[PDB]
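K.L.:
Please see the structure below; I have some questions.
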Amino acid sequence: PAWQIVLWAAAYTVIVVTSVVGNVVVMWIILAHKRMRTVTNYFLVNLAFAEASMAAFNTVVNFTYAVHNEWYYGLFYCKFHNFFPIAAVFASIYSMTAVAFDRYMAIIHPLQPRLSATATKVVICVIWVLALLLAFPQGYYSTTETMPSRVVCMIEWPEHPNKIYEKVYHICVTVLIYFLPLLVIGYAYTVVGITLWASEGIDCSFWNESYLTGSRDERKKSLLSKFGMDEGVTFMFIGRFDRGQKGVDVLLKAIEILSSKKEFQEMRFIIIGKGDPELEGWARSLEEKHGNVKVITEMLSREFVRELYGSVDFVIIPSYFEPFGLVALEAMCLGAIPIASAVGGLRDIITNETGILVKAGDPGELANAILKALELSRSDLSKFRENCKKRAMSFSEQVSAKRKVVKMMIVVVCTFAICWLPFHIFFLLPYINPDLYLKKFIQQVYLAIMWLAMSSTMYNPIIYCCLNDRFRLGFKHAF
Ligand SMILES: C[C@@H](O[C@H]1OCCN(Cc2nn[nH]c2CN(C)C)[C@H]1c1ccc(F)cc1)c1cc(C(F)(F)F)cc(C(F)(F)F)c1
């Protein structure tokens, strides 16, 4: 194959160059910047080290030697070249595994920051030793066996049939360096993905006080007038009427508590929702009975709900189960002060200076919180509402960042998942299924696959600057 010569020279050349340049600069960016030294990035340093700085430079040249059995330098490089890719890739993927579980803990169990700076260094050291210890039984025992034309090296022990032994060692390193750790990360990012991406999020353009006219006080005067009410402290509920999930039953209980008290004359309620006919009845029952209570069962314009949020003083969110708390956000963006049950996404979102938090299912604490809110309405709540808006927007952006980060890590894991699949199944095939040498395509495919698997090493540094801006601007600094 004369035509195909310089083709696969350029093929490997781009790999080594892009791989090494990319990864060495990654390590430089992480260490040079004032604090990028987070444990995730530390494992990414070890990744960059094992994956490209070492693997590309040792492997490519040697497999290029090994195409026609040229063996320019055989020396000890046979056993090194045989030993090293196993260690380097082990160290790489388990650095990437390390990150997958750093994010697992940070997101799922944020209360225990398990990994210190020291511990992180220990991990990197441990991984390397286990990587070389997995590799040595095959690496150390590579023997060059001299023939008339060529000198070529391999690793075997024939005491029992080659299948029995070979199959075992082969499948062990294959499953340990590829299949199992990919299963583990797959799990970790599946559940972290579920956590971050379960919620679509809210339109921060749509829910903004900007689209409303006049003062909030005028808007409340107007809104209550439309319901035939005099001005007072206004509370609002929006959600499905149900026993199990949302807590309209508890609001109704709390309203009936308050009805027997004098301060109830200074309150205004707006209950919005559809569901359990009994709870619609209960709500409408109190509507007729008292008349500082208004119930809406009809479907409402998104714009009208924004008006409500941006007019009422407080929003009640007495959930049992609320994994997202999108109501809190929409309310807080529009300056409604949330009086929420502490559950799921509501304890995450609401701070001490942000809203009032109460125990779910307790009409006692809820009725009191409503009365607290009444006493608070006698002061200036404006700064309270400012806090809510800032918090709601802050929370939103935190989540966006966390998502963008974990995305990037999934991408780099999906890379290895791709490139190295053909490489392993290629070596795994001639066992249960005897090799087909029937086609004229033999060496060329080995080259193409090996090229892909080796090209995995030059992908990550590109993926880093393409997803994450911090790396990209780190590139902007020098190149
Ligand atoms: C695709 C995968 O091959 C290895 O596992 C499958 C069997 N491969 C052939 C092999 N080598 N020694 N013993 C055997 C099995 N025996 C029956 C011939 C493995 C392998 C291939 C090339 C090596 F340098 C080291 C290991 C693999 C290759 C490479 C490398 F070629 F790039 F070096 C590296 C790795 C690893 F990720 F482990 F580093 C795996």
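Numbers and lists here come from the model and the stated rules, or from a named source; nothing here is a laboratory result. Reconstructed Cβ throughout: ideal geometry from the backbone, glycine too, with neighbour counts over all protein chains shown.
K.L.:
Which ones in region 158-172 are within 20 Å of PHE136 (Cβ to Cβ) and either within 10 Å of the ligand (Cβ to nearest atom) or assigned to a helix (DSSP H, G or I) (or both)?
P.N.:
Correct list: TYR165, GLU166, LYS167, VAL168, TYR169, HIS170, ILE171, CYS172.
K.L.:
What are the pairs, 6+ residues apart or on separate chains, where a residue within region 137-165 that is in the same structural domain as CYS78 (by TED's automatic domain parsing) and touching a residue at least 12 places away in the same chain (Cβ under 8 Å) has its Cβ under 9 Å from a residue that is assigned to a helix (DSSP H, G or I) and more than 11 Å from the ligand (Cβ to nearest atom)?
P.N.:
Listed by first residue and then by second, the contacts come to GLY139/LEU132.
K.L.:
Where residues in region 142-155 are within 14 Å of the ligand (Cβ to nearest atom) and exposed (fewer than 13 other Cβ atoms within 10 Å of the Cβ), which of them is farthest from the chain's Cα centre (by Cα)?
P.N.:
Among them, the one singled out is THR143.
K.L.:
Quick check on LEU223: is it under 29 Å from the mean Cα position of the chain (by Cα) and outside the structural domain of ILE349 (by TED's automatic domain parsing)?
P.N.:
Considered against the rule, which asks whether it is under 29 Å from the mean Cα position of the chain (by Cα) and outside the structural domain of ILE349 (by TED's automatic domain parsing), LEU223 comes out as no.
K.L.:
Sticking with this structure for a sec: State whether one or more residues within region 21-37 are in the same structural domain as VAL152 (by TED's automatic domain parsing), part of a loop (DSSP other than H, G, I, E, B) and more than 36 Å from the chain's Cα centre (by Cα). So that I can check it myself, show each step before the final result.
P.N.:
In the first step, residues of region 21-37 are kept if they are in the same structural domain as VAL152 (by TED's automatic domain parsing); the result is 21-37.
Among the residues that remain, those that are also part of a loop (DSSP other than H, G, I, E, B) are: 33-37.
Checking which are more than 36 Å from the chain's Cα centre (by Cα) leaves us with none.
Within region 21-37, not a single residue is in the same structural domain as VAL152 (by TED's automatic domain parsing), part of a loop (DSSP other than H, G, I, E, B) and more than 36 Å from the chain's Cα centre (by Cα).
K.L.:
Do we find that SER92 is closer than 27 Å to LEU182 by Cβ and more than 10 Å from the ligand (Cβ to nearest atom) in this structure? So that I can check it myself, show each step before the final result.
P.N.:
Working: closer than 27 Å to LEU182 by Cβ: yes; more than 10 Å from the ligand (Cβ to nearest atom): no.
For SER92, the condition - closer than 27 Å to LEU182 by Cβ and more than 10 Å from the ligand (Cβ to nearest atom) - is not met.
K.L.:
Another one. Out of the residues in region 285-319 that are out of contact with any strand residue (DSSP E or B) (no Cβ under 6 Å at 6 or more places or on another chain) and of a type in the set (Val, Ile, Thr), which is surrounded by the most Cβ atoms within 10 Å (Cβ to Cβ)?
P.N.:
The selected residue is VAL305.
K.L.:
Among the numbered conditions (1) small (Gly, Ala, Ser); (2) surrounded by fewer than 15 Cβ atoms within 10 Å (Cβ to Cβ); (3) not in a loop (DSSP other than H, G, I, E, B), tell me where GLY201 comes up short.
P.N.:
(3)
Residues are listed down the side, and each one gets a yes or a no for (1) assigned to a helix (DSSP H, G or I); (2) within 13 Å of the ligand (Cβ to nearest atom); (3) surrounded by fewer than 20 Cβ atoms within 10 Å (Cβ to Cβ):
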site: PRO85; (1), (2), (3): yes, yes, no
site: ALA100; (1), (2), (3): yes, no, no
site: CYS125; (1), (2), (3): yes, no, yes
site: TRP128; (1), (2), (3): yes, no, yes
site: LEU134; (1), (2), (3): yes, yes, yes
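K.L.:
Related question: Does any residue of region 222-231 turn out to be within 19 Å of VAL327 (Cβ to Cβ) and in contact with a helix residue (DSSP H, G or I) (Cβ under 9 Å, 6 or more places away or on another chain)?
P.N.:
Looking through region 222-231, at least one residue is within 19 Å of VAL327 (Cβ to Cβ) and in contact with a helix residue (DSSP H, G or I) (Cβ under 9 Å, 6 or more places away or on another chain).
One line per residue, one yes/no per condition, for (1) in contact with a strand residue (DSSP E or B) (Cβ under 8 Å, 6 or more places away or on another chain); (2) among the charged types (D, E, K, R):
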position	(1), (2)
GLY214	no, no
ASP242	yes, yes
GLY273	yes, no
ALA283	yes, no
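K.L.:
How many residues does region 320-334 contain that are part of a loop (DSSP other than H, G, I, E, B) and either basic (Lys, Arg) or surrounded by fewer than 24 Cβ atoms within 10 Å (Cβ to Cβ) (or both)?
P.N.:
Here the count works out to 4.
K.L.:
OK, next. Do we find a residue being small (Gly, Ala, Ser) and within 14 Å of the ligand (Cβ to nearest atom) anywhere in region 417-425?
P.N.:
Yes - at least one qualifying residue is present in region 417-425.
K.L.:
Cβ-Cβ distance below 8 Å, separation of 6 or more or different chains: which pairs start in region 173-202 with a residue that is under 24 Å from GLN398 (Cβ atoms) and in the same structural domain as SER95 (by TED's automatic domain parsing) and end on one that is within 16 Å of the ligand (Cβ to nearest atom) and of a type in the set (A, V, I, L, M, F, W, C)?
P.N.:
Filtered contacts from region 173-202: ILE185/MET96; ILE185/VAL413; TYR189/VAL413.
K.L.:
For the condition farther than 21 Å from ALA117 by Cα, outside any loop (DSSP other than H, G, I, E, B) and either without any contact (Cβ under 8 Å) to a residue 12 or more places away in the chain or touching a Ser or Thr at 6+ places or on another chain (Cβ under 9 Å) (or both), what is the one hit in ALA2, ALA10, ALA50?
P.N.:
One residue alone meets the criteria, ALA10.
K.L.:
When you check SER394 against the structure, is it assigned to a helix (DSSP H, G or I), without any contact (Cβ under 8 Å) to a residue 24 or more places away in the chain and among the small types (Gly, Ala, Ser), yes or no?
P.N.:
So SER394 passes the test.
K.L.:
While we're looking at this one, here's another question. I need the full set of residues from region 433-479 which are in a helix (DSSP H, G or I) and among the polar types (S, T, N, Q), in order please.
P.N.:
Once the filter is applied, which keeps residues that are in a helix (DSSP H, G or I) and among the polar types (S, T, N, Q), region 433-479 yields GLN443, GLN444, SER455, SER456, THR457, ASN460.
K.L.:
Determine which member of the set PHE49, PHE80 is hydrophobic (A, V, I, L, M, F, W, C), surrounded by 17 or more Cβ atoms within 10 Å (Cβ to Cβ) and at negative phi.
P.N.:
When all the criteria are applied, what remains is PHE49.
K.L.:
Test of understanding: among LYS389, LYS383, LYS407, which residue is without any contact (Cβ under 8 Å) to a residue 12 or more places away in the chain, outside the structural domain of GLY335 (by TED's automatic domain parsing) and in a helix (DSSP H, G or I)?
P.N.:
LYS383
K.L.:
Would you please list the contacts, defined by Cβ atoms under 6 Å and residues six or more apart or on different chains, that run from a residue in region 60-83 that is without any contact (Cβ under 8 Å) to a residue 60 or more places away in the chain to a residue that is surrounded by fewer than 12 Cβ atoms within 10 Å (Cβ to Cβ)?
P.N.:
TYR65/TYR72
K.L.:
Report yes if some residue within region 173-196 is within 13 Å of the ligand (Cβ to nearest atom), more than 25 Å from the chain's Cα centre (by Cα) and hydrophobic (A, V, I, L, M, F, W, C); otherwise report no.
P.N.:
yes
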